[PDB]
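Since the structure comes first, as structure tokens, the remarks are kept for the end.
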2 protein chains.
Amino acid sequence: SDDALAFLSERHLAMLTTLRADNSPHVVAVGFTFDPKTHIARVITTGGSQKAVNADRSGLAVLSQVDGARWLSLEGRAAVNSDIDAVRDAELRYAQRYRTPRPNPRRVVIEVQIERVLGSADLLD
Amino acid sequence: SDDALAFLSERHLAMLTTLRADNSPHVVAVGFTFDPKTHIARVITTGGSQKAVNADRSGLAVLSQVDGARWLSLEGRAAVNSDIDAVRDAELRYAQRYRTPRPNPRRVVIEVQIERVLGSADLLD
Ligand code: NA
Ligand code: NA
């Protein structure tokens, strides 16, 4: 829905859930971006972070955002992309929502192909 | 830390992460309470909810709260308690942070024994 898309444009952090090797959830705050056309969500991080290692190793992620009583969780399949062009593009998408990220040659992108969306009733449909 | 305890008293929702049978994370917004003395976090829900089924079946949960740049994730071992006295007590703890919950004879409590805390640097130590 359009209210959902506006919510996803607001400047807030979200929680990224990935799985550790033992299947325990690792849940940490991140910024993210969401492309409504492709359904790809992106998190930028430094290579080798626990987020990146978990996303690469287990292949899934959830991004969960809440403000007041409004919330969404976006679930999907995750991979890590270290291609320089992909990283630049993700940095610019990030800047579009947040602000210009600090330069970091070690930056990688966690790309999540969203399959399922849960959320508050005011944001679904 | 004391700033962490104050953060955990503020009236905000949080995300509860549990695992589905297939190990995919189920992440939905909840209110919760946290007892600093016992390290028990509590979520009230209607019996048979996906949260309750996942907590009972897989035995783990994470509660994650974010406001602005401040955040905490509380990880631990989860169980479902349907004892009437436990439910009343959890309802009152909930009311202490939020407001009196609607009467519901089917209410159960997800009790999470917190083992690990992650968060923003301003809240740890
Ligand atoms: Na960091
Ligand atoms: Na509900």
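Across peptide A:16-27, the average count of Cβ atoms from other chains found within 10 Å of a residue's Cβ is 5. Charge tally around B:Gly31: other residues with Cβ under 9 Å, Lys/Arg +1 each, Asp/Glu -1 each, net +2. Overall form of chain B: oblate. Here a/c, set by the Cα gyration tensor axes a ≥ b ≥ c, is 1.5 or more, and a/b is not larger than b/c.
Between B:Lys37 and B:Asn81, the FRET efficiency from the beta-carbon distance, with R0 = 22 Å, is close to 0.80. Working note: 222 nm ellipticity from helices only, DSSP H runs with n ≥ 4, each -39,500 (n - 2.57), summed and divided by the residues of chain A, gives -6500 deg cm²/dmol to the nearest 500. Fully extending the segment from B:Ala69 to B:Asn23, taken as 0.36 nm per residue of separation minus the present Cα-Cα distance, adds 13.6 nm. Placing a pseudo-label 7 Å from each Cα along the Cα-to-Cβ vector at A:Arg11 and B:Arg116 gives an inter-label distance of 3.2 nm. The shape of region A:79-118 comes out oblate: with a ≥ b ≥ c from the C-alpha gyration tensor, a/c is at least 1.5 while a/b does not beat b/c. Our coupling estimate for region B:98-114, obtained by passing each phi through the Karplus curve with A = 6.51, B = -1.76, C = 1.60 and θ = phi - 60°, is 10, 7, 3, x, 4, x, 6, x, 8, 4, 10, 10, 8, 9, 10, 8, 6 Hz, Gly and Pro reported as x. Of the residues B:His26, B:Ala69, B:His39, the one whose Cα sits farthest toward the positive end of the charge dipole of region B:1-76, with +1 on the Cβ of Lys and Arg and -1 on the Cβ of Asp and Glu, is B:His26. Taken residue by residue and averaged, Cβ atoms of other chains lying within 10 Å of the Cβ of B:68-74 number 3. Result for chain A in a Gaussian network model with C-alpha springs under 10 Å: among A:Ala69, A:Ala41, A:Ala29, the largest mean-square fluctuation is at A:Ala69.
For B:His26, the amide hydrogen comes within under 5 Å of the amide hydrogens of B:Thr18, B:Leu19, B:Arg20, counting only partners 5 or more places away or on other chains and with H modelled in the peptide plane.
Cβ: placed from backbone, ideal geometry, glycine included. Neighbour counts: every protein chain shown. No lab work stands behind these numbers, since they all come straight from the coordinates.
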